[PDB]
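Here's the structure we're looking at; comments come further down.
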Amino acid sequence: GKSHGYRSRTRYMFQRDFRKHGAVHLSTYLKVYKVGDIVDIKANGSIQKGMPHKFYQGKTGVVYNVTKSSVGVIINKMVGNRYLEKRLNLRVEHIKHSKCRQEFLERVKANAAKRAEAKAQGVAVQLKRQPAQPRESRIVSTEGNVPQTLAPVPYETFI
Amino acid sequence: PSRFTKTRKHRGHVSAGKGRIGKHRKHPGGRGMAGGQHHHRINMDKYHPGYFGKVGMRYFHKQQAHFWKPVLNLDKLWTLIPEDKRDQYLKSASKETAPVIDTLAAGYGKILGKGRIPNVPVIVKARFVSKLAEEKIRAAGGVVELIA
Amino acid sequence: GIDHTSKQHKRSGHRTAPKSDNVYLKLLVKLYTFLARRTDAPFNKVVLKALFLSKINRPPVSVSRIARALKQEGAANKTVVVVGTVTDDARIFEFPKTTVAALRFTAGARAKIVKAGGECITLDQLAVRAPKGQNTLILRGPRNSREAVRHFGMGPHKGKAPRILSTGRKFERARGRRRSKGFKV
Amino acid sequence: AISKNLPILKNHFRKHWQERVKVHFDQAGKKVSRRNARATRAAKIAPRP
Amino acid sequence: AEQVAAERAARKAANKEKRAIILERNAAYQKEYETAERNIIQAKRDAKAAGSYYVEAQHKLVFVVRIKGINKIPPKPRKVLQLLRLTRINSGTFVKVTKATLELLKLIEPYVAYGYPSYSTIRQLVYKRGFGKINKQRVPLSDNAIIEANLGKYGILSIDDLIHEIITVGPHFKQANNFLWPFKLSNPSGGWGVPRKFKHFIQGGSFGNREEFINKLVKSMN
Amino acid sequence: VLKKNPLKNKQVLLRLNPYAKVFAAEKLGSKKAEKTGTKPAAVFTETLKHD
Amino acid sequence: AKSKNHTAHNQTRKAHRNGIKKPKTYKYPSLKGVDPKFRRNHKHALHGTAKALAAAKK
RNA sequence: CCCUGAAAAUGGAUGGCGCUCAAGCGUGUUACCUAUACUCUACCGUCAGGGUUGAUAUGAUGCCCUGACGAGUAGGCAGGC
RNA sequence: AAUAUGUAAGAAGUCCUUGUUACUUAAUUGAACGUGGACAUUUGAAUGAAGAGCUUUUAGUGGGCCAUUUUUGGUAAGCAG
RNA sequence: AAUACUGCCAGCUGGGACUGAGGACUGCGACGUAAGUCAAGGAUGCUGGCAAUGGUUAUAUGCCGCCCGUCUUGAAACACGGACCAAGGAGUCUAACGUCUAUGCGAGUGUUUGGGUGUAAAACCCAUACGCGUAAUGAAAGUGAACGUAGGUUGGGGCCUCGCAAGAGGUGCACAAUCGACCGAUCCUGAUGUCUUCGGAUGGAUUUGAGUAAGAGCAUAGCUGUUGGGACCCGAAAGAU
RNA sequence: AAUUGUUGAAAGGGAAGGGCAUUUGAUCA
């Protein structure tokens with residue numbers, strides 16, 4: 001027949017990295033998790049208790065519950081034509097912090113610092129980011145950089 | 001009716017509003033309530049839970065006369081008194097003369113405490129009373145008389 | 001042709017002009033349309049929009065609810081406006097003086113207001129006194145308190161008043177509602 | 001047979017009920033006949049009530 | 001009731017003052033255009049003369065027209081076209097050049113032709129097929145009053161000001177472009193010039209970037 | 001009631017652009033540039049024809 | 001008489017006709033699945049701060 | 001490029017007529033014809049945004065202004081004989 | 001690798017002071033909810049949006065096929081998947 | 001120097017086709033120092049011919065065009081029914097209902113079971129009962145909803161005040177989520193008293209309800225849908241008396 | 001009405017019937 005289990009088709013997914021087997025480094029257990037923090041989910045093969053499902057591997061979610069050694073994650077799963085929230089409790093081991101949120105707090109702090117300093121005089125704060133604008137005009141000098149003529153090479157039958 | 005019935009507008013259409021791939025044949029799912037645990041179990045479990053099975057014991061020859069206990073809350077207690085004297089008895093808040101209500105005669109066999117009746121003396125006669133209703137009435141200044 | 005990003009020739013989804021054939025209601029609707037078109041007060045537009053509401057969308061407003069609304073700070077000297085019917089509540093005993101304008105007034109509610117010291121005016125009189133709706137307060141009754149909306153959205157693990165005719169034992173209280181006969185909802 | 005969120009109805013029409021349909025088309029006629037019989041009895045039984 | 005003449009005179013005075021400001025601003029814009037063009041030309045000349053090469057700045061504005069029908073379109077390019085306001089064939093919009101816009105154009109390149117427009121073709125487009133968006137309606141622009149009323153908050157009050165905002169990307173270029181309805185052009189008068197449109201410009205077709213060659217196609221289609 | 005096209009109706013063109021009259025009077029559409037002359041460097045001259 | 005078993009064709013279009021909607025978020029989320037001790041202490045703290053606010057500002 | 005390889009049964013298919021510095025083959029450039037496709041205009045219907053009780057004057061479900069769109073089986077709704 | 005895919009790009013935010021708890025901490029030590037107070041041009045990347053959100057009812061549907069690309073069974077199939 | 005190529009002209013001008021919508025003025029512009037004029041928010045002037053143009057049908061010409069309805073992914077098929085015309089012909093009715101809409105009354109609602117009256121199956125009037133709702137939860141015994149301005153907080157139309165406007169503060173009906181309070185069941189702890197086994201005050205629950213928290217319901221009619229009935233119409237091979 | 005006979009009109013190289021536009025014949029304000 002057909003087989004669709006809790007750990008089906010995870011042979012290369014729930015597997016430790018090369019030369020990275022054994023116990024887990026004592027850094028994950030020292031991370032402090034609070035309600036509202038955004039974290040990523042990455043299953044670890046050494047610990048088989050509280051392991052997330054295949055779908056929730058690599059997903060990013062907010063923390064809503066704190067337990068002895070576990071946190072609750074809310075993940076939006078697309079079923080049919082709608083997104084449904086899923087509150088799943090996972091161990092600390094199979095969860096890591098997300099650096100995008102930290103970059104957001106850093107940008108916010110710099111944003112407020114610039115809003116203070118620039119507005120102390122009140123001129124062109126320009127607190128908003130901009131994309132890659134087209135390059136402006138430039139002048140190139142051929143002092144020791146004379147353009148070398150290039151021609152296509154003949155076809156060769158090297159073996 | 002017939003003029004406003006959609007059949008008149010459906011006249012001309014071959015299927016008459018019943019489809020082409022599936023024609024309006026006889027009962028395809030059965031007659032009446034054919035199937036409640038085999039093919040209509042999904043609907044019978046997601047819309048009408050509790051249809052199949054027995055719950056309690058059996059009460060043979062259950063007469064609906066022993067359970068005739070109409071309820072009347074405290075807020076709708078002064079409505080039984082006629083309006084022409086309701087205001088008079090509202091302003092006359094004295095213990096020597098208070099309005100008397102016969103809830104049994106009004107058709108209510110039980111009084112429940114809800115409504116925060118005004119602090120006026122009153123007399124209420126009922127077959128059954130509740131603890132909260134009695135406490136509220138006695139705090140207001142009235143008394144509850146037990147009648148049969 | 002156009003790769004349409006939305007439905008073509010779609011209706012606004014709102015009710016323009018009353019569906020009823022009440023001549024007085026149409027006259028009031030015309031008057032409030034004139035007001036809301038030649039004035040700038042949003043009160044006229046709100047009243048005109050509420051005049052198109054159906055019976056289920058226009059629940060009755062009780063005198064107790066009116067008193068509760070007027071009990072707010074600074075609302076004592078305000079004109080209550082109810083787009084619908086004003087009912088009488090026997091659970092209240094002290095009704096303050098007010099001025100309530102509504103389409104239809106229950107006889108008991110009208111008697112209660114008259115005895116308290118208020119008056120019952122219509123929407124036309126309310127417009128005449130306050131063309132811009134000055135010092136008015138709009139009251140709407142509970143719309144979700146109907147018995148027909150409890151059955152809406154029925155599903156497992158919802159508890160949404162299954163549609164039944166009889167009540168009591170052995171009436172949709174068996175397997176599917178208890179853990180002793182299988183599953184619970 | 002079984003459909004969306006509708007109530008369960010118990011309709012007791014499965015025998016030959018079409019042969020036992022009693023429609024009281026003679027309500028007014030029966031009332032008139034009863035009144036006439038009452039008047040006739042009152043006339044017959046003398047001033048007795 | 002004789003004050004009609006007084007209001008007429010006041011209206012004429014206000015209109016004359018407004019026209020004076022418009023004329024001054026138009027003269028300033030024309031002087032700036034001539035100065036910029038001459039400055040670029042002489043900069044190229046000095047770069048050539050001094051034993052160097054002048055690398056012109058990349059064009060900051062492009063014009064994109066749709067050359068494909070609304071049938072047999074993949075969903076992601078279709079959505080990108082809807083977001084870029086290209087729902088009719090032979091419809092054109094102006095686009096400010098950024099990284100995001102460049103990657104957007106790289107996705108729907110097969111169904112559009114885009115290139116760097118010039119001041120003359122921009123002015124011709126705005127004059128002939130220039131339509132605004134007021135109250136979600138396509139009201140034609142035949143006076144500066146409507147433009148001032150619908151764009152005066154951003155410092156734009158005339159058709160020449162709108163053209164200036166289009167050609168030179170500024171603080172309010174987004175609003176200036178959003179106010180303008182997409183230009184519904186016709187088929188080219190002299191033809192597309194290629195036997196097969198659905199091939200790249202280097203491959204011999206209208207599909208793909210045309211750079212400065214888009215001006216001739218736009219004027220032929222307009 | 002009807003849309004008149006600029007660049008073909010002089011009245012509408014003048015109404016839209018008051019500067020059109022000054023432009024036509026000064027003939028700014030055909031302006032002679034300064035008669036300046038610069039010579040390209042020998043490096044560029046040789047690179048042009050370097051095969 | 002064999003028949004087609006399973007196919008995902010047109011399912012994406014069917015789901016996209018009515019655009020896929022993100023769940024509606026609220027300022028106060030549901031408090032289910034939370035630690036019972038934390039919920040009890042939150043109830044006690046909420047009662048305390050409500051009483052303090054009522055006593056302070058009237 | 002062309003030729004042998006390369007043989008199926010009613011009489012027939014680059015559509016055929018026919019074509020040989022092609023009207024065959026690859027590539028380069030202009031002009032020419034057209035779809036219910038594109039731009040404008042006239043009319044009808046639908047939708048949206050509005051004006052119009054300061055009248056004798058009626059149909060404010062009436063009149064007028066502006067913009068956009070108009071395919072279709074089963075099927076739904078609405079207006080009419 | 002490419003493609004495909006999740007999250008964040010702000011007022012439901014940030015910062016200063018300090019009220020509550022039966023949670024917790026050696027402990028006013030942390031957590032949640034708070035009060036007061038400060039930050040509206042440029043409210044915190046680009047683009048777009050005949051506006052968006054929400055509820056009820058129900059007709060028909062539950063036999064598909066073909067086209068590019070990836071690809072299973074089969075020598076192949078206008079074969080099946 | 002000229003010329004080829006590309007791009008510009010708010011430079012001029014020759015020729016041809018389609019269109020004439022709107023109907024006293026309202027606006028934006030130009031000429032004219034000024035009167036006034038204009039190609040400036042949709043065409044007028046003059047003149048000629050007749051009092052034939054054009055509508056319906058038949059034929060002819062250039063082009064296009066397979067047989068109606070059903071089944072089917074695929075019909076015109078060598079798949080099915082049709083020689084023609086005239087008459088009849090197919091989602092109707094009842095009982096209980098669901099959503100919506102209209103009317104009447106409204107914490108009440110429904111005369112027509114019946115009685116009186118009656119121009120006589122018409123119409124009018126009426127007392128008590130009765131149907132549903134106003135209280136629900138448990139198998140049942142039973143019990144039975146305000147610590148509060150009928151709670152706190154956020155979002156929230158409207159209203160009030162300040163403010164030239166914009167904006168700021170307060171109240172915020174309806175409705176969305178969450179935290180609280182009370183009622184029934186279950187698990188618990190157990191205050192006085194006492195027919196020593198009765199009585200269940202007070203304090204809780206990751207428990208549970210088709211609850212309360214200023215009622216919204218009842219009657220009739222209308223579209224659509226379901227059930228039972230012969231059930232949109234027609235058709236079996238069978239069984240019994 | 002199906003069907004049939006006469007009179008009057010039209011067409012007819014292995015079908016008839018229809019649509020897009022017009023000439024001709026008959027008729028029409």
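Chains: A, B, ... in order of the structure tokens. Residues: from 1 per chain. Ligands: from 1, in order shown.
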
Determine, using only C-alpha atoms (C1' of nucleotides), which residues of segment 91-172 of chain C have any atom at most 12 Å from an atom of segment 163-182 of chain J, and tabulate each with its shortest atom pair and distance in Å to one decimal place, rows ordered by chain and then rising number, as CSV.
```
residue,atom,partner,partner_atom,distance
C:136,CA,J:173,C1',11.9
C:137,CA,J:173,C1',8.2
C:138,CA,J:173,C1',6.4
C:139,CA,J:173,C1',4.4
C:140,CA,J:173,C1',5.2
C:141,CA,J:174,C1',6.7
C:142,CA,J:174,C1',6.5
C:143,CA,J:174,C1',7.1
C:144,CA,J:175,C1',8.3
C:145,CA,J:174,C1',11.2
```

Take the selection from the previous step and output its residues with N, CA, C and O atoms, as a PDB file, in the first residue's frame.
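Output contents, as saved in again_7.pdb:
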```
ATOM      1  N   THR C 136     -27.367  65.388  19.354  1.00  0.00           N
ATOM      2  CA  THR C 136     -28.102  64.143  19.189  1.00  0.00           C
ATOM      3  C   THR C 136     -27.211  62.956  19.531  1.00  0.00           C
ATOM      4  O   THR C 136     -25.982  63.066  19.559  1.00  0.00           O
ATOM      5  N   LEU C 137     -27.851  61.821  19.799  1.00  0.00           N
ATOM      6  CA  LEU C 137     -27.154  60.581  20.122  1.00  0.00           C
ATOM      7  C   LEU C 137     -27.924  59.428  19.499  1.00  0.00           C
ATOM      8  O   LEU C 137     -29.094  59.213  19.829  1.00  0.00           O
ATOM      9  N   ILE C 138     -27.274  58.696  18.599  1.00  0.00           N
ATOM     10  CA  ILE C 138     -27.914  57.614  17.858  1.00  0.00           C
ATOM     11  C   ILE C 138     -27.794  56.325  18.660  1.00  0.00           C
ATOM     12  O   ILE C 138     -26.706  55.974  19.134  1.00  0.00           O
ATOM     13  N   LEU C 139     -28.913  55.623  18.820  1.00  0.00           N
ATOM     14  CA  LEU C 139     -28.962  54.369  19.559  1.00  0.00           C
ATOM     15  C   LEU C 139     -29.381  53.241  18.627  1.00  0.00           C
ATOM     16  O   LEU C 139     -30.346  53.383  17.868  1.00  0.00           O
ATOM     17  N   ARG C 140     -28.654  52.127  18.687  1.00  0.00           N
ATOM     18  CA  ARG C 140     -28.975  50.929  17.925  1.00  0.00           C
ATOM     19  C   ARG C 140     -29.096  49.748  18.876  1.00  0.00           C
ATOM     20  O   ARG C 140     -28.309  49.616  19.818  1.00  0.00           O
ATOM     21  N   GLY C 141     -30.084  48.896  18.627  1.00  0.00           N
ATOM     22  CA  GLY C 141     -30.320  47.745  19.467  1.00  0.00           C
ATOM     23  C   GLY C 141     -29.365  46.613  19.167  1.00  0.00           C
ATOM     24  O   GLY C 141     -28.576  46.645  18.209  1.00  0.00           O
ATOM     25  N   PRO C 142     -29.425  45.573  20.000  1.00  0.00           N
ATOM     26  CA  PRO C 142     -28.551  44.406  19.801  1.00  0.00           C
ATOM     27  C   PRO C 142     -28.974  43.615  18.572  1.00  0.00           C
ATOM     28  O   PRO C 142     -30.110  43.145  18.481  1.00  0.00           O
ATOM     29  N   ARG C 143     -28.049  43.468  17.624  1.00  0.00           N
ATOM     30  CA  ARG C 143     -28.327  42.745  16.389  1.00  0.00           C
ATOM     31  C   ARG C 143     -27.992  41.263  16.487  1.00  0.00           C
ATOM     32  O   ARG C 143     -28.676  40.440  15.868  1.00  0.00           O
ATOM     33  N   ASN C 144     -26.969  40.905  17.259  1.00  0.00           N
ATOM     34  CA  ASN C 144     -26.543  39.521  17.408  1.00  0.00           C
ATOM     35  C   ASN C 144     -27.284  38.791  18.521  1.00  0.00           C
ATOM     36  O   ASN C 144     -26.954  37.639  18.817  1.00  0.00           O
ATOM     37  N   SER C 145     -28.269  39.434  19.144  1.00  0.00           N
ATOM     38  CA  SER C 145     -29.030  38.819  20.224  1.00  0.00           C
ATOM     39  C   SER C 145     -30.218  38.003  19.728  1.00  0.00           C
ATOM     40  O   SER C 145     -30.947  37.440  20.550  1.00  0.00           O
TER      41      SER C 145
END
```

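The residues of chain I lying at most 12 Å from chain C, with only C-alpha atoms (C1' of nucleotides) taken into account, are residues 48, 49, 50, 51, 55, 56 and 57 of chain I.
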
When the cut-off is 12 Å and we count only C-alpha atoms (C1' of nucleotides), which residues of chain H are near chain E, given as a list in words?
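Output check: residues 28, 29, 30, 31, 32, 37, 38, 39, 40, 48, 49, 50, 66, 67 and 68 of chain H.
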
Restrict the selected residues to C-alpha atoms (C1' of nucleotides) and save them as a PDB file, in the first residue's frame.
```pdb
ATOM      1  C1'   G H  28      19.868  40.743 -45.355  1.00  0.00           C
ATOM      2  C1'   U H  29      16.340  45.525 -46.582  1.00  0.00           C
ATOM      3  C1'   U H  30      11.912  48.243 -47.992  1.00  0.00           C
ATOM      4  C1'   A H  31       6.635  48.720 -49.847  1.00  0.00           C
ATOM      5  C1'   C H  32       1.849  46.207 -49.805  1.00  0.00           C
ATOM      6  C1'   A H  37      -7.001  42.997 -32.009  1.00  0.00           C
ATOM      7  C1'   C H  38      -5.472  48.336 -31.131  1.00  0.00           C
ATOM      8  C1'   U H  39      -6.888  54.581 -31.201  1.00  0.00           C
ATOM      9  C1'   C H  40     -11.147  58.076 -32.084  1.00  0.00           C
ATOM     10  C1'   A H  48     -19.465  53.411 -10.292  1.00  0.00           C
ATOM     11  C1'   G H  49     -18.803  58.670  -8.868  1.00  0.00           C
ATOM     12  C1'   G H  50     -22.422  63.038  -8.495  1.00  0.00           C
ATOM     13  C1'   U H  66     -18.608  62.328 -15.948  1.00  0.00           C
ATOM     14  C1'   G H  67     -15.836  57.759 -16.182  1.00  0.00           C
ATOM     15  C1'   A H  68     -15.250  52.421 -17.019  1.00  0.00           C
TER      16        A H  68
END
```

Interface list for chain D, partner chain B, 7 Å threshold, only C-alpha atoms, as a CSV table (one decimal) with N, CA and C atoms, in the first residue's frame:
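Result file result37.csv:
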```
chain,number,residue,atom,x,y,z
D,1,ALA,N,-31.8,13.6,0.2
D,1,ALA,CA,-32.4,13.0,1.4
D,1,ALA,C,-31.9,13.7,2.7
D,2,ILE,N,-30.6,13.8,2.8
D,2,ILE,CA,-30.0,14.5,3.9
D,2,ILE,C,-29.1,15.6,3.4
D,5,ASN,N,-27.3,22.4,6.9
D,5,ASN,CA,-27.7,22.6,8.3
D,5,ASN,C,-29.2,23.0,8.4
```

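Within 10 Å of chain H, counting only C-alpha atoms (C1' of nucleotides), chain C contributes residues 1, 2, 4, 8, 9, 10, 11, 12, 17, 30, 31, 33, 34 and 37 of chain C.
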
List every residue of chain I that has an atom at most 9 Å from any atom of chain A, giving for each one its closest atom pair and the distance in Å to one decimal, counting only C-alpha atoms (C1' of nucleotides), sorted by chain and then by ascending residue number, as JSON lines.
```
{"residue": "I:6", "atom": "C1'", "partner": "A:59", "partner_atom": "CA", "distance": 5.0}
{"residue": "I:7", "atom": "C1'", "partner": "A:60", "partner_atom": "CA", "distance": 5.1}
{"residue": "I:8", "atom": "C1'", "partner": "A:101", "partner_atom": "CA", "distance": 5.8}
{"residue": "I:9", "atom": "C1'", "partner": "A:104", "partner_atom": "CA", "distance": 7.2}
{"residue": "I:10", "atom": "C1'", "partner": "A:108", "partner_atom": "CA", "distance": 8.3}
{"residue": "I:14", "atom": "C1'", "partner": "A:108", "partner_atom": "CA", "distance": 7.5}
{"residue": "I:31", "atom": "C1'", "partner": "A:34", "partner_atom": "CA", "distance": 8.4}
{"residue": "I:39", "atom": "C1'", "partner": "A:112", "partner_atom": "CA", "distance": 8.3}
{"residue": "I:42", "atom": "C1'", "partner": "A:126", "partner_atom": "CA", "distance": 5.1}
{"residue": "I:44", "atom": "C1'", "partner": "A:128", "partner_atom": "CA", "distance": 5.5}
{"residue": "I:45", "atom": "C1'", "partner": "A:129", "partner_atom": "CA", "distance": 5.7}
{"residue": "I:46", "atom": "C1'", "partner": "A:131", "partner_atom": "CA", "distance": 7.2}
```

Selection export as a PDB file, in the first residue's frame, atoms kept: N, CA and C atoms (P, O5', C5', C4', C3', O3' and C1' of nucleotides):
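The file below, part.pdb, is the result:
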```
ATOM      1  P     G I   6       5.683  31.301   0.930  1.00  0.00           P
ATOM      2  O5'   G I   6       6.326  31.241   2.386  1.00  0.00           O
ATOM      3  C5'   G I   6       5.852  30.316   3.353  1.00  0.00           C
ATOM      4  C4'   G I   6       6.561  30.481   4.673  1.00  0.00           C
ATOM      5  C3'   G I   6       6.644  31.900   5.213  1.00  0.00           C
ATOM      6  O3'   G I   6       5.454  32.311   5.864  1.00  0.00           O
ATOM      7  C1'   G I   6       8.760  30.861   5.388  1.00  0.00           C
ATOM      8  P     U I   7       5.022  33.859   5.858  1.00  0.00           P
ATOM      9  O5'   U I   7       6.032  34.545   6.881  1.00  0.00           O
ATOM     10  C5'   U I   7       6.080  34.140   8.242  1.00  0.00           C
ATOM     11  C4'   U I   7       7.294  34.699   8.940  1.00  0.00           C
ATOM     12  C3'   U I   7       7.453  36.209   8.885  1.00  0.00           C
ATOM     13  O3'   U I   7       6.657  36.883   9.843  1.00  0.00           O
ATOM     14  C1'   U I   7       9.511  35.182   8.345  1.00  0.00           C
ATOM     15  P     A I   8       5.923  38.258   9.457  1.00  0.00           P
ATOM     16  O5'   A I   8       7.061  39.358   9.626  1.00  0.00           O
ATOM     17  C5'   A I   8       7.659  39.597  10.891  1.00  0.00           C
ATOM     18  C4'   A I   8       8.806  40.569  10.785  1.00  0.00           C
ATOM     19  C3'   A I   8       8.561  41.792   9.917  1.00  0.00           C
ATOM     20  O3'   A I   8       7.833  42.806  10.587  1.00  0.00           O
ATOM     21  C1'   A I   8      10.655  40.851   9.371  1.00  0.00           C
ATOM     22  P     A I   9       6.859  43.780   9.759  1.00  0.00           P
ATOM     23  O5'   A I   9       7.854  44.791   9.036  1.00  0.00           O
ATOM     24  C5'   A I   9       8.802  45.539   9.781  1.00  0.00           C
ATOM     25  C4'   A I   9       9.783  46.242   8.879  1.00  0.00           C
ATOM     26  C3'   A I   9       9.176  47.068   7.757  1.00  0.00           C
ATOM     27  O3'   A I   9       8.729  48.341   8.190  1.00  0.00           O
ATOM     28  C1'   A I   9      10.925  45.733   6.894  1.00  0.00           C
ATOM     29  P     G I  10       7.181  48.750   8.039  1.00  0.00           P
ATOM     30  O5'   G I  10       6.667  48.905   9.539  1.00  0.00           O
ATOM     31  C5'   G I  10       6.114  47.796  10.243  1.00  0.00           C
ATOM     32  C4'   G I  10       5.878  48.105  11.703  1.00  0.00           C
ATOM     33  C3'   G I  10       4.933  49.271  11.984  1.00  0.00           C
ATOM     34  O3'   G I  10       4.200  49.008  13.181  1.00  0.00           O
ATOM     35  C1'   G I  10       7.051  49.728  12.927  1.00  0.00           C
ATOM     36  P     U I  14       8.161  47.685  20.855  1.00  0.00           P
ATOM     37  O5'   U I  14       9.234  48.856  20.968  1.00  0.00           O
ATOM     38  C5'   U I  14      10.403  48.853  20.162  1.00  0.00           C
ATOM     39  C4'   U I  14      11.137  50.167  20.252  1.00  0.00           C
ATOM     40  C3'   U I  14      11.461  50.650  21.657  1.00  0.00           C
ATOM     41  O3'   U I  14      12.618  50.038  22.198  1.00  0.00           O
ATOM     42  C1'   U I  14      10.520  52.425  20.415  1.00  0.00           C
ATOM     43  P     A I  31      12.030  40.970  32.142  1.00  0.00           P
ATOM     44  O5'   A I  31      10.785  39.980  32.208  1.00  0.00           O
ATOM     45  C5'   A I  31      10.763  38.772  31.460  1.00  0.00           C
ATOM     46  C4'   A I  31       9.420  38.095  31.567  1.00  0.00           C
ATOM     47  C3'   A I  31       8.216  38.992  31.316  1.00  0.00           C
ATOM     48  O3'   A I  31       7.910  39.110  29.937  1.00  0.00           O
ATOM     49  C1'   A I  31       7.898  37.803  33.332  1.00  0.00           C
ATOM     50  P     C I  39       6.635  64.912  21.789  1.00  0.00           P
ATOM     51  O5'   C I  39       7.335  63.952  20.728  1.00  0.00           O
ATOM     52  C5'   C I  39       8.665  64.194  20.292  1.00  0.00           C
ATOM     53  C4'   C I  39       9.172  63.072  19.419  1.00  0.00           C
ATOM     54  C3'   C I  39       8.293  62.704  18.237  1.00  0.00           C
ATOM     55  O3'   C I  39       8.458  63.574  17.131  1.00  0.00           O
ATOM     56  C1'   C I  39       8.952  60.739  19.368  1.00  0.00           C
ATOM     57  P     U I  42       4.911  63.050   4.718  1.00  0.00           P
ATOM     58  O5'   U I  42       5.971  61.883   4.951  1.00  0.00           O
ATOM     59  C5'   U I  42       7.161  61.808   4.172  1.00  0.00           C
ATOM     60  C4'   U I  42       8.236  61.011   4.869  1.00  0.00           C
ATOM     61  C3'   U I  42       8.426  61.339   6.347  1.00  0.00           C
ATOM     62  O3'   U I  42       8.852  60.170   7.045  1.00  0.00           O
ATOM     63  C1'   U I  42      10.414  61.840   5.168  1.00  0.00           C
ATOM     64  P     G I  44       5.078  54.352   6.004  1.00  0.00           P
ATOM     65  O5'   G I  44       6.666  54.266   6.105  1.00  0.00           O
ATOM     66  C5'   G I  44       7.294  53.474   7.107  1.00  0.00           C
ATOM     67  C4'   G I  44       8.796  53.623   7.075  1.00  0.00           C
ATOM     68  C3'   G I  44       9.580  52.334   7.315  1.00  0.00           C
ATOM     69  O3'   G I  44      10.788  52.366   6.557  1.00  0.00           O
ATOM     70  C1'   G I  44      10.135  53.914   8.979  1.00  0.00           C
ATOM     71  P     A I  45      11.333  51.027   5.857  1.00  0.00           P
ATOM     72  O5'   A I  45      11.935  51.531   4.471  1.00  0.00           O
ATOM     73  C5'   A I  45      11.093  51.753   3.351  1.00  0.00           C
ATOM     74  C4'   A I  45      11.770  51.348   2.067  1.00  0.00           C
ATOM     75  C3'   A I  45      10.900  51.367   0.819  1.00  0.00           C
ATOM     76  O3'   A I  45      10.756  52.662   0.263  1.00  0.00           O
ATOM     77  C1'   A I  45      12.093  49.335   0.909  1.00  0.00           C
ATOM     78  P     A I  46       9.377  53.085  -0.447  1.00  0.00           P
ATOM     79  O5'   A I  46       9.423  52.338  -1.852  1.00  0.00           O
ATOM     80  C5'   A I  46      10.408  52.667  -2.821  1.00  0.00           C
ATOM     81  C4'   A I  46      10.227  51.868  -4.087  1.00  0.00           C
ATOM     82  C3'   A I  46       8.817  51.829  -4.653  1.00  0.00           C
ATOM     83  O3'   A I  46       8.503  52.981  -5.416  1.00  0.00           O
ATOM     84  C1'   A I  46       9.728  49.645  -4.634  1.00  0.00           C
TER      85        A I  46
END
```

Would you please extract all strand (DSSP E or B) residues from segment 10-100 of chain B, as assigned by DSSP on the backbone, and give them as number ranges by chain?
B: 71-73, 100

Need to verify the contact set: residue 38 of chain F, 12 Å, only C-alpha atoms (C1' of nucleotides), exclusion of same-chain residues closer than 2 positions in sequence. Can you return it as number ranges by chain?
E: 42-51; F: 35-36, 40-41
